[PDB]
Amino acid sequence: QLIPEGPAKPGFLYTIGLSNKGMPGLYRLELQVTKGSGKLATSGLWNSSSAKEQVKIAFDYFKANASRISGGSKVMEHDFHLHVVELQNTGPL
Amino acid sequence: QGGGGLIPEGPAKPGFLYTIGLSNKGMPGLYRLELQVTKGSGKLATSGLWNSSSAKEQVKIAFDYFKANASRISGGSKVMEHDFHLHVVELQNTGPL
């Protein structure tokens, strides 16, 4: 057992960014959503505090601006687990 | 009909609201905005504006913002498939808003 055709499972995306070494790298982010209390779980972040805090600010904005995007879905009623998988062994994002 | 009873107690029907504005004479006045929504092509129709050109420009600006921000508000309702008519009712007779 990089990006297959067709829509992947929802919550799964690919982002690109310069690594700690400045080289571009492609990472795939996977989100699992269950019924919960708005908890945020993180994994695969290369234990990097910067990415952890970036995701924290993002989820803060998501809670603050949920009604504009979701059209009524409550973020606080679901728990989210987000994981990072590097596709090109370039380095941490 | 009524007369006085400016804002009745209880829930109004959807599309009807009340605002307060500075008319052409500068004295604050109450107005009622009534929106009639039917199946259509997103066309906007106006009535009760005292033929004020600035008021019609305001209506056009508001409907343009509604079209640009339909997704951020309705979350799936299509404005392009429904026509709206806005009627302005002046309940204190201060002047056009």
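For the structure, check the block above.
(A) Local environment of the sheet that holds strand 1 (residues 16-22) of chain B. Residue and element names in this part refer to chain B. The four strands are arranged 1-2-4-3 in an open sheet whose pairing can be described as mixed. Looking at which strands have only one partner, the edges of the open sheet turn out to be strand 1 and strand 3 (44-47). The average undirected angle you get between the axes of adjacent strands in this sheet is 25°.

(B) Region of interest: the pairing of strand 2 (residues 24-35) of chain A. All names here are of chain A. Taken together, the seven bridges between strand 1 (residues 12-18) and strand 2 define a ladder with antiparallel strand orientation. Each bridged residue has a counterpart across the sheet, and for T15 the counterpart in strand 2 is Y27. If you look at the hairpin formed by strand 1 and strand 2, you'll find five residues sitting between the two strands, and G22 has a positive phi there, around 85°. Two elements, strand 2 and strand 4 (residues 78-86), share nine bridges in a ladder whose sense is antiparallel.

(C) Quick peek at unusual backbone geometry. A positive phi angle is found at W46 of chain A, which is not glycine, with a value near 55°. Within the secondary structure, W46 of chain A sits in the loop between strand 3 (40-43) and helix 1 (49-64). Backbone geometry places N93 of chain B, a non-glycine residue, at a positive phi of 65°. As for its placement among the helices and strands, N93 of chain B is situated in the segment after strand 4 (82-90).

(D) Broad picture of the side chain of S48 of chain A. Structurally, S48 of chain A is set in the loop between strand 3 and helix 1. At a separation of 3.0 Å, a polar atom in the side chain of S48 of chain A contacts the side chain of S50 of chain A.

(E) Representation of helix 1 (residues 53-68) of chain B within the structure. Residues and elements named next belong to chain B. Under the 1.5 Å per step criterion, the end-to-end length of helix 1 is 22 Å for 16 residues, consistent within 8% with the ideal 22 Å. Residues of helix 1 that are buried include every one of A55, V59 and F63, and no others. The buried residues of helix 1 occupy one face: seen down the axis, they fall within an arc of 75°. Projecting away from the buried face of helix 1 at angles above 90 degrees are the exposed residues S53, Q58, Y65 and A68. Buried residues along helix 1 sit in contact with strand 3 and strand 4.

(F) Highlighting the sheet that holds strand 1 of chain A. All names here are of chain A. Sheet architecture is open: four strands sit in the order 1-2-4-3, paired in mixed fashion. Unpaired on one side and paired on the other, strand 1 and strand 3 mark the two borders of the sheet. Neighbour-to-neighbour, the strand axes of the sheet open up by a mean angle of 25°, direction not taken into account. One ladder, built from four bridges, connects strand 3 with strand 4; its direction is parallel. The residue bridging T42 from the neighbouring strand is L82, located in strand 4. Lying on the sheet, helix 1 is in contact with strand 3 and strand 4; it crosses strand 3 at an angle near 150°.

(G) The arrangement of the layout of surface pockets in detail. All names here are of chain B. Empty space within the largest pocket amounts to approximately 630 Å³. As for the largest pocket, its lining consists of 28 residues, of which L33, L35, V59, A62 and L86 are closest to the centre. Elements with a contribution of two residues or more to the lining of the largest pocket: strand 1, strand 2 (28-39), helix 1, helix 2 (70-74) and strand 4. Here the residues of the lining of the largest pocket are counted per class, giving 20 nonpolar, seven polar and one charged. Estimates place the volume of the second largest pocket at around 550 Å³.

What counts, and at which threshold
- Residues numbered from 1 in each chain as written, not as in the entry; some residues may be left out.
- Chains lettered and ligands numbered in written order.
- Part of a larger assembly, values for the part shown.
- Heavy atoms only, no water.
- Pairing = 2+ DSSP bridges.
- Helix = DSSP H or I, 4+ residues; strand = E, 2+ residues; numbered from the N terminus.
- Axes fitted to C-alpha atoms, helices over the stretch in contact; angles between N-to-C directions.
- Polar contact = N/O pair within 3.5 Å; in protein donor to acceptor, adjacent residues only side chain to side chain.
- Expected span 1.5 Å × (residues − 1).
- Buried < 20%, exposed > 50% of the residue type's maximum accessible area, 1.4 Å probe, protein only.
- Arc of directions from axis to C-beta.
- Contact = heavy atoms within 4.5 Å.
- 1 Å grid on protein atoms, 1.4 Å probe; cavity = no way out; pocket = protein on both sides within 12 Å on 5 of 7 lines; lining within 4 Å.
- Points joined across faces, edges and corners; volume = space filled by probe spheres on them.
- Nonpolar A, V, L, I, M, F, W, Y, C, P; charged D, E, K, R; others polar.

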